[PDB]
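Step one of this worksheet: look at the structure below.
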There are 2 protein chains.
Amino acid sequence: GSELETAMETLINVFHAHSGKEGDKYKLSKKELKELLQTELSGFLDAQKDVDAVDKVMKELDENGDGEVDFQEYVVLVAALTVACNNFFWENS
Amino acid sequence: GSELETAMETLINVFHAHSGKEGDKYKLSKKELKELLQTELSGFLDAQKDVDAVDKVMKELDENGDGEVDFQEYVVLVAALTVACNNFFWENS
Ligand SMILES: [Ca+2]
Ligand SMILES: [Ca+2]
Ligand SMILES: [Ca+2]
Ligand SMILES: [Ca+2]
């Protein structure tokens with residue numbers, strides 16, 4: 001009943017909807033990835049400042065070297081990004 | 001404004017409250033870890049079945065080898081656990 005329980009569900013709930021837009025829901029594509037980070041984290045991840053950076057980000061996600069990113073790869077990185085988001089807050093003071 | 005934005009905040013919001021119970025909010029202790037996984041994921045992580053498993057889990061979290069777990073270490077693992085939670089759902093059918 002904790003908020004975290006809701007959050008794990010939240011990640012999947014957003015993933016299911018967004019991934020469905022293209023290809024397999026279970027598989028995340030670079031476009032979808034760009035759109036998820038860009039739209040959900042337009043501020044913290046504001047990729048617009050550096051479009052090239054998207055490729056750099058995907059490269060880290062593709063452990064396989066396949067060139068395509070899996071949700072499993074995505075979840076590991078998002079955990080790091082949320083923490084990184086705090087850095088932005090630190091800028092405030 | 002996406003749900004994910006709320007979720008990143010949710011993780012920190014729960015972390016701030018729980019970690020504060022003991023030691024440094026910024027530092028996560030084994031007790032607090034046990035309580036967070038056990039209470040927030042009493043079902044999916046039901047550590048009660050295997051108390052010994054808690055040590056196994058912390059060991060993976062401590063990259064440093066310090067024996068103490070940091071939130072940074074915790075966030076990486078939680079991302080994996082949420083996905084693992086789905087496995088439980090799979091059992092349904
Ligand atoms: Ca997809
Ligand atoms: Ca891959
Ligand atoms: Ca603490
Ligand atoms: Ca450590």
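Following the order of the structure tokens, first chain is A, next is B, and so on, with residues numbered from 1 inside each chain and ligands from 1 in the order they appear.
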For a quick test of understanding: name the residues of chain B lying within 6 Å of chain A when counting only C-alpha atoms, and present them as a short mmCIF file (atom, residue, chain, number, x, y, z; two decimals) with N, CA, C and O atoms, in the first residue's frame.
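To be explicit, this is the file written out as result.cif:
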data_model
loop_
_atom_site.label_atom_id
_atom_site.label_comp_id
_atom_site.auth_asym_id
_atom_site.auth_seq_id
_atom_site.Cartn_x
_atom_site.Cartn_y
_atom_site.Cartn_z
N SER B 2 4.01 14.11 -16.77
CA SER B 2 3.75 12.68 -16.94
C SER B 2 3.80 11.97 -15.59
O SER B 2 4.33 12.50 -14.61
N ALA B 7 6.62 9.77 -10.35
CA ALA B 7 7.26 8.59 -9.79
C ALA B 7 8.68 8.86 -9.30
O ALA B 7 9.05 8.42 -8.21
N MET B 8 9.49 9.59 -10.08
CA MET B 8 10.86 9.85 -9.62
C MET B 8 10.78 10.55 -8.28
O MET B 8 11.54 10.26 -7.36
N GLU B 40 7.18 -2.04 1.87
CA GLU B 40 6.67 -1.54 0.59
C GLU B 40 6.39 -2.68 -0.39
O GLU B 40 5.45 -2.61 -1.17
N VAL B 75 18.81 2.50 -5.78
CA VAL B 75 18.00 2.85 -6.94
C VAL B 75 18.30 1.96 -8.13
O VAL B 75 17.40 1.62 -8.89
N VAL B 76 19.55 1.58 -8.32
CA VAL B 76 19.86 0.73 -9.45
C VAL B 76 19.16 -0.62 -9.32
O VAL B 76 18.59 -1.13 -10.29
N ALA B 79 15.10 -0.85 -9.76
CA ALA B 79 14.64 -0.87 -11.13
C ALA B 79 14.54 -2.31 -11.62
O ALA B 79 13.62 -2.68 -12.34
N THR B 82 11.44 -4.15 -9.80
CA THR B 82 10.10 -3.86 -10.30
C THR B 82 9.78 -4.77 -11.48
O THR B 82 8.68 -5.32 -11.57
#
Contacts to ligand 3 at 6 Å cut-off (only C-alpha atoms and all ligand atoms) as a list in words: residues 19, 20, 22, 23, 24, 25, 27, 28 and 29 of chain B
Take the residues that were just selected and, keeping N, CA, C and O atoms, output them as an mmCIF file, in the first residue's frame.
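Saved the output as result.cif:
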data_model
loop_
_atom_site.group_PDB
_atom_site.id
_atom_site.type_symbol
_atom_site.label_atom_id
_atom_site.label_comp_id
_atom_site.auth_asym_id
_atom_site.auth_seq_id
_atom_site.Cartn_x
_atom_site.Cartn_y
_atom_site.Cartn_z
ATOM 1 N N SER B 19 14.297 6.702 5.354
ATOM 2 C CA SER B 19 15.704 6.775 5.743
ATOM 3 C C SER B 19 15.890 7.604 7.009
ATOM 4 O O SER B 19 16.761 7.316 7.833
ATOM 5 N N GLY B 20 15.069 8.638 7.144
ATOM 6 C CA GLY B 20 15.121 9.531 8.297
ATOM 7 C C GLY B 20 14.915 8.797 9.617
ATOM 8 O O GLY B 20 15.373 9.259 10.661
ATOM 9 N N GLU B 22 16.262 6.231 10.793
ATOM 10 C CA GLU B 22 17.546 5.917 11.418
ATOM 11 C C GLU B 22 18.721 6.446 10.602
ATOM 12 O O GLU B 22 18.718 6.398 9.366
ATOM 13 N N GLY B 23 19.740 6.912 11.313
ATOM 14 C CA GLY B 23 20.952 7.411 10.682
ATOM 15 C C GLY B 23 20.684 8.601 9.769
ATOM 16 O O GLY B 23 19.779 9.403 10.002
ATOM 17 N N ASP B 24 21.495 8.684 8.721
ATOM 18 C CA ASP B 24 21.395 9.748 7.733
ATOM 19 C C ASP B 24 20.338 9.428 6.679
ATOM 20 O O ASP B 24 20.294 8.315 6.144
ATOM 21 N N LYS B 25 19.486 10.407 6.382
ATOM 22 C CA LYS B 25 18.448 10.213 5.376
ATOM 23 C C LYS B 25 19.089 9.792 4.065
ATOM 24 O O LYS B 25 18.549 8.988 3.309
ATOM 25 N N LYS B 27 21.789 8.206 3.683
ATOM 26 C CA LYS B 27 22.426 6.892 3.747
ATOM 27 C C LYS B 27 21.382 5.855 4.161
ATOM 28 O O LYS B 27 20.595 6.087 5.088
ATOM 29 N N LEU B 28 21.359 4.722 3.459
ATOM 30 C CA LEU B 28 20.383 3.681 3.759
ATOM 31 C C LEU B 28 21.063 2.566 4.563
ATOM 32 O O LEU B 28 22.130 2.080 4.183
ATOM 33 N N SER B 29 20.445 2.165 5.672
ATOM 34 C CA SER B 29 21.002 1.109 6.518
ATOM 35 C C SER B 29 20.295 -0.213 6.242
ATOM 36 O O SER B 29 19.197 -0.226 5.687
#
Can you work out the spacing between CA of residue 68 in chain A and CA of residue 30 in chain A in Å, to one decimal?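 For CA of residue 68 in chain A relative to CA of residue 30 in chain A, the distance reads 7.1 Å.
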Check which residues fall inside 7 Å of ligand 2 when counting only C-alpha atoms and all ligand atoms, and print them as number ranges by chain. A: 61-70, 73
Keeping only C-alpha atoms, write those residues as a compact mmCIF listing (two decimals), in the first residue's frame.
# COMPACT_ATOMS: atom_id res chain seq x y z
CA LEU A 61 21.40 1.09 -22.62
CA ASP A 62 22.28 -1.45 -25.28
CA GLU A 63 24.30 -3.94 -23.28
CA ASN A 64 23.66 -6.48 -25.99
CA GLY A 65 25.25 -4.27 -28.63
CA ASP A 66 22.17 -5.03 -30.71
CA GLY A 67 21.51 -1.32 -31.26
CA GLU A 68 17.98 -1.67 -29.90
CA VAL A 69 16.98 -0.95 -26.29
CA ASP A 70 14.96 -3.26 -24.08
CA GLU A 73 17.97 -2.05 -20.08
Please return as a VMD selection string: the residues of chain B that backbone DSSP assigns to helix (DSSP H, G or I). chain B and resid 3 to 20 30 to 40 47 to 50 52 to 61 71 to 92
If you run DSSP on this backbone, which residues of chain B come out as strand (DSSP E or B), and could you give them as a PyMOL selection string? chain B and resi 27-28+69-70
Selection export as a PDB file, in the first residue's frame, atoms kept: C-alpha atoms:
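After the write, part.pdb holds the following:
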ATOM      1  CA  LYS B  27      22.426   6.892   3.747  1.00  0.00           C
ATOM      2  CA  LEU B  28      20.383   3.681   3.759  1.00  0.00           C
ATOM      3  CA  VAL B  69      24.180   0.539   1.320  1.00  0.00           C
ATOM      4  CA  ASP B  70      23.777   3.928  -0.322  1.00  0.00           C
TER       5      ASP B  70
END
